[PDB]
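# Structural overview
Given next are the chains, with one letter for each unit.
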2 protein chains.
Amino acid sequence: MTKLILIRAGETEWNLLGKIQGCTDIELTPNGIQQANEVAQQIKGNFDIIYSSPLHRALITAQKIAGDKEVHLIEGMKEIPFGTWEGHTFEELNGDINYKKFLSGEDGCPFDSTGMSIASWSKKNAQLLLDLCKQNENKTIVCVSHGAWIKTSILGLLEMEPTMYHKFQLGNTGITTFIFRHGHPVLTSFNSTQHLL
Amino acid sequence: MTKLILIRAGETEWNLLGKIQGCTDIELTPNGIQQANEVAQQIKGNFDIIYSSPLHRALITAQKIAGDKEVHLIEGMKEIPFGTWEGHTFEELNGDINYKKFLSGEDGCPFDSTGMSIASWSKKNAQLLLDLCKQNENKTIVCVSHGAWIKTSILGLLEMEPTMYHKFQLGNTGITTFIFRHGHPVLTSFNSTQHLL
């Protein structure tokens, strides 16, 4: 009954460049809008309620999916801040100490100098998503958000070590779904992208 | 680049009952065959080599997908034996000590009285798939196999605790994909089933 659907925002120019957006409010590419429409077509109108991050790339994606429904903004669902890392590619971060930890597992995998980590964001976002699911018990919930945000959410809900973050790759408009088999969540799909051409 | 595609076999009557097949060679339902067509239609022959479990439910699904190509049998790809538990639902196993261990984590989560577990199958199936990937370095490899076999493969490739098995739910003709970034495997999709009508 209670079904959770996590959808990554559509494509942006910074995505194509490998440029870390984080909180930077970059707009969709024309292809990123096509992606939003194709994922909107896949979902049809199935969900009961749809939430979104307020960032444009996410919000526009959610509005295509929503069709006639309201899109409920959730600031908490905004992309994880990458701080100083924002504006750079990962290749440029090679001489960063916190990036060396981010990969290794040290200090729960720090996001630059944001004071926060894969470990903290996992607990935090998981707790958010669980509260939403309680709020909408026995409904199908769609949440449109971002790559880091969604990946930490997955680790959080499933209770996975922070270094598992680097073993999941999540695409633009990638569908990731949970159900709750006991009281705990169960992953039913991850990064389903068959709706794209 | 090396791409791995793990596909679960089509539906059977034992699947609809929640009945544990394991090694028993149950045939597809007419719907299971319709699923096999649909997944074959999605894949569109878009792979370089295809391997399969020799059990009919898997092999027939591989044959639909393969179309023109040869389906390479691998005995090691056959569904994990469930021994004692084969021919039963999970609800029937309530009084089994090994089933309580299978859930909890004890002894690497034993599969009945087979002398084997989620832990041992994880290492073993991980190992097999890596050898297959080495043999076909830089090709797109399809492997048709079964629920438990694929889930243990995921845990083994991603190096996860046996108990995580109960947090993944995989469907008939569910697509699951890996690539290899930095030498190590990265999950790009799990249980993608948008091809099903």
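Residues numbered from 1 in each chain as written, not as in the entry; some residues may be left out. Chains lettered and ligands numbered in written order. Heavy atoms only, no water. Residues with missing side-chain atoms left out of burial classes, pairs and counts.

Method of determination, as annotated in the archive: X-ray crystallography, at 2.95 Å resolution.

### Regarding the side chain of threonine 177 of chain A
Residues and elements named next belong to chain A. With respect to the element layout, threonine 177 can be found in strand β5 (residues 175-180). Overall, the relative accessible area of 7% leaves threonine 177 in the buried class. At 2.7 Å, the side chain of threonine 177 forms a polar contact with the side chain of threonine 188. A distance of 2.6 Å separates a polar atom in the side chain of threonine 177 from a polar atom in the side chain of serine 189. Once residues lying within four places of it in the same chain are set aside, the contact partners of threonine 177 are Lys3, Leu4, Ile5, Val186, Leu187, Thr188 and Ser189. (Helix = DSSP H or I, 4+ residues; strand = E, 2+ residues; numbered from the N terminus. Buried < 20%, exposed > 50% of the residue type's maximum accessible area, 1.4 Å probe, protein only. Polar contact = N/O pair within 3.5 Å; in protein donor to acceptor, adjacent residues only side chain to side chain. Contact = heavy atoms within 4.5 Å.)

### Observations concerning the interface of chain A and chain B
Every contact between the two is made by 23 residues of chain A and, on the other side, 22 residues of chain B. Taken together, both faces of the contact between chain A and chain B bury some 1,900 Å²; the carbon and sulfur share is 49%. Area buried by chain A at its contact with chain B is led by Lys167, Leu187 and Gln194 of chain A, which between them contribute 33% of it. At the boundary of chain A and chain B, one finds 2 salt bridges. Across the pair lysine 167 of chain A and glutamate 159 of chain B runs a salt bridge, and its minimum N-O distance is 3.6 Å. On the surface where chain A and chain B come into contact, there are 16 residue pairs in polar contact. Among the elements of the structure, β5 and β6 (185-192) of chain A are those that each provide at least two residues to the side of chain A that touches chain B. Residues that form the side of chain A that touches chain B fall into these classes: 10 nonpolar, 10 polar and 3 charged. (Buried area = accessible area lost by both parts, 1.4 Å probe. Salt bridge = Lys/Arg side-chain N within 4 Å of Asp/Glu carboxyl O. Nonpolar A, V, L, I, M, F, W, Y, C, P; charged D, E, K, R; others polar.)

### Considerations on the pattern of salt bridges
Inspection of every chain in the model, using the stated rule, returns 8 salt bridges over all chains. Overlapping salt bridges bring together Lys101, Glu106 and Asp107 of chain A as one network.

### A closer look at the relation of the copies chain A and chain B
Expressed as a screw transformation, the operator carrying chain A onto chain B has a rotation angle of 180° and an axial translation of 0.1 Å, and the superposed copies differ by an RMSD of 0.2 Å. Taken together, the rotation angle and the small translation identify this as a two-fold axis. Take the interface residues of chain A: 96% of them recur as interface residues in chain B, which is what a same-surface contact looks like. (Least-squares fit on C-alpha atoms.)

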